[PDB]
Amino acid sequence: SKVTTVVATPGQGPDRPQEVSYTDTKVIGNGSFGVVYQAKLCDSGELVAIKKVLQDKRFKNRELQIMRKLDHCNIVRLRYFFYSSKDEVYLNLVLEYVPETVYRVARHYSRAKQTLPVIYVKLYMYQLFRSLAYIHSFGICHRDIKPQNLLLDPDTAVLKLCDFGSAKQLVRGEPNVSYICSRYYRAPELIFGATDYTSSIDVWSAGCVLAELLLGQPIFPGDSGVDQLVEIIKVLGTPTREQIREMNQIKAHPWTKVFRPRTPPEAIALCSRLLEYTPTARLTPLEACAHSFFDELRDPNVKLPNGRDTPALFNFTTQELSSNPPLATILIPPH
């Protein structure tokens, strides 16, 4: 068809562009950022997402700077990036394409008034925390964890975190904006306006994702930035003055009463260790990866419903173990 040909720096490593060609460019999605397209590489047929952003020639692009540093089985690959052109200049990110997301698959089950089975919950949640461990190890917060940004191949069961459009490297020094994350998955410290929040916001959002996978709908659907807070109180109860200080009247409805009757205790526990008001009292991605809930994935006779083996869950790097390498003994069992 129309066959566009550009000179694209690869995302990985030495800064040396090569010629690259692609053809079936259909528009998908919009936003303050720019536009995302879908397309087909000629060299192989493989489908690609191309996010097209306006770039100030002087200033560096945060997403690209973050994406180039990343190489991890559970995160989208930036395959290439290339510039294009009034006297206006655009960055184009050429990203790996996966046709489904967790939101979409979850939405299938929800419409059948039906459960996503616990095995897929474990698999998906585990791989998520795993991608968080990795990006947190570079001080990078994602700041937009939600099912719509979890790529998923349902045959392999491989989940890959994506959209690093709100991602940012947090630094002890600097303030950062508090209106971020998508509203249902926003951490309570951010509703209270905090500008010194840590990577522990992602963990809350991972918690809101779990909760949702267990319930069939979002756990805290709020009307406004502000109602979001009331929807949390509804469940967590009112936070103590002490808790409120740590972030910077109603009784707490017990977790076990929150979910469906037949729900795993190990899962409900984990949920309560993620959805803590005090951000320091939330598990870290690696502590959660190691949480008892995920024990079924360390059984050597774990198989996927469709027969196949699980994807690789223990090829942990130095880097991913950075934050607490004792845990390697729990996370990596015998085999």
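One-based numbering along the sequence shown.
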Select one of none, 1 to 3, 4 to 9, or 10 or more to describe the deposited residues without coordinates separating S85 and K86. 1 to 3
In the entry, residues of the deposited sequence missing between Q169 and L170 amount to none
Given 100-108 and 239-247, the range whose Cα B-factors average higher in the PDB entry: 239-247
Between the two ranges 150-158 and 251-259, the one averaging a larger CA B factor in the entry: 251-259
Sorting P175, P188, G207, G165 by Cα temperature factor from the record, which one lands on top? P175
Position of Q38 among the chain's modelled residues by C-alpha B-factor, lowest, middle or highest third: lowest
CA B-factor ranking of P326, expressed as a third of its chain: highest
Among the modelled residues of its chain, does the C-alpha B-factor of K52 lie in the lowest, middle or highest third? lowest
Would you check the entry's CA temperature factor for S131 and let me know if it's in the chain's lowest, middle or highest third? lowest
Of the three thirds of the chain ranked by Cα temperature factor, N315 occupies the lowest
